[PDB]
Amino acid sequence: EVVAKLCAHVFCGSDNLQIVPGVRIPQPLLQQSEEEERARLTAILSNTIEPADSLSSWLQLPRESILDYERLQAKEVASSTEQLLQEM
């Protein structure tokens, strides 16, 4: 379902997209000069700055989850050293 909803997001669309909350992607100019489209889409990546919350904002899943993942990896590390220290 997830793959489908990202496929639905990135591909189905017209004349503006907003793949990620800040960055909009227009569909090809009437001029259709490919040398120009390459520089344009290259340019629009150069005007981009990936945010801090990017894993939550750019990947459509919520922030509350990411925080759980961060909380979660911390739990693995801390469980491990608790067990190691208790063993010695």
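Counting of residues restarts from 1 for each chain and follows the sequence as written, so the numbers need not equal those of the entry; residues with no coordinates are not shown. Scope of values: limited to the chains shown, which are part of a larger assembly. Side-chain descriptors were evaluated using all non-hydrogen atoms of the structure, hydrogens and water having been removed beforehand.

Method information in the entry identifies X-ray crystallography as the source of the structure, with 3.541 Å recorded as the resolution.

Student: Please clarify how the overall build of the protein chain should be interpreted in this entry.
Tutor: Labels follow the DSSP assignment, with helices taken as runs of H or I lasting at least four residues and strands as runs of E lasting at least two, numbered in each case from the N terminus. Looking only at helices and strands, the protein chain features four helices and zero strands. Shown N-terminal to C-terminal, the secondary structure of the protein chain runs as helices and strands in the order α-α-α-α. Here the C-alpha radius of gyration of the protein chain, 21 Å, is well above what a compact globule of 88 residues would show, namely 12 Å. Principal axes of the C-alpha set define a box for the protein chain whose edges measure 70 × 30 × 15 Å. Throughout this description, buried means an accessible area under 20% of the type-specific maximum (1.4 Å probe, protein chains only), exposed means over 50%, and partly exposed covers the range between. Counting across all 88 residues of the protein chain, residues that qualify as buried make up 8%. For the protein chain, the share of sequence-separated contacts (at least 6 apart) that also reach a separation of at least 24 residues comes to 14%. On the protein chain, roughly 7800 Å² of surface is accessible, and the fraction owed to carbon and sulfur atoms is 59%. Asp and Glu count as negative and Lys and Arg as positive, but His and the ends of the chain are not part of the count. To locate a charge, take atom NZ for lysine, CZ for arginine, CG for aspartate or CD for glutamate. In the protein chain, which carries 7 positive and 14 negative side-chain charges, the distance between the mean positions of the two groups comes to 4 Å. C-alpha atoms define the radius of gyration, and 2.2 Å times the number of residues to the power 0.38 defines the globule rule. Two residues qualify as a contact provided that any one of their heavy atoms is within 4.5 Å of a heavy atom in the partner residue. Calculation of accessible area relied on Shrake-Rupley with a 1.4 Å probe; when residues are assessed, cover is drawn exclusively from the protein chains displayed.

Student: Sorry, what's going on with the pattern of salt bridges here?
Tutor: Two side chains with opposite charge may pair up if their charged atoms get near one another. By salt bridge we mean one thing: a side-chain nitrogen of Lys or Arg within 4 Å of a carboxyl oxygen of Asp or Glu. Under the criterion given, the structure shown has three salt bridges. Where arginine 40 meets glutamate 37, a salt bridge forms, and the shortest distance between an N and an O atom there is 3.4 Å. Of the two residues, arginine 40 and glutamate 37 are both situated in helix α2 (residues 34-46); the distance of three residues between them amounts to about one turn of the helix. For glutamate 37, a relative accessible area of 25% corresponds to the partly exposed category. Where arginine 71 meets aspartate 68, a salt bridge forms, and the shortest distance between an N and an O atom there is 2.7 Å. Placement of both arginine 71 and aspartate 68 in helix α4 (residues 63-86) is noted, with a separation of three residues, approximately one turn of the helix.

Student: Would you mind showing me how to read a nonpolar patch on the surface here?
Tutor: Patch membership requires over 30% relative accessible area and the absence of a salt bridge. Like charges are linked within 9 Å, and nonpolar side chains (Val, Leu, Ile, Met, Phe, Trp, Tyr) within 5 Å. A surface patch of nonpolar side chains, about 260 Å² in accessible area, is lined by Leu41, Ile44 and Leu45. Of note, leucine 45 is situated in helix α2. Exposure remark for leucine 45: the relative accessible area of 65% places this residue in the exposed category.

Student: Just checking my understanding: could you explain unusual backbone geometry for this structure?
Tutor: A negative phi angle is the norm for most residues apart from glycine, just as the trans form is the norm for most peptide bonds. Positioned with a positive phi, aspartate 15 is a non-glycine residue whose angle comes to about 65 degrees. With respect to the helices and strands, the residue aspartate 15 is situated in the loop between α1 (2-10) and α2. Notably, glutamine 18 is not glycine yet its phi reads approximately 65 degrees, a positive angle. With respect to the helices, strands and loops of the structure, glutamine 18 is situated in the loop between α1 and α2.

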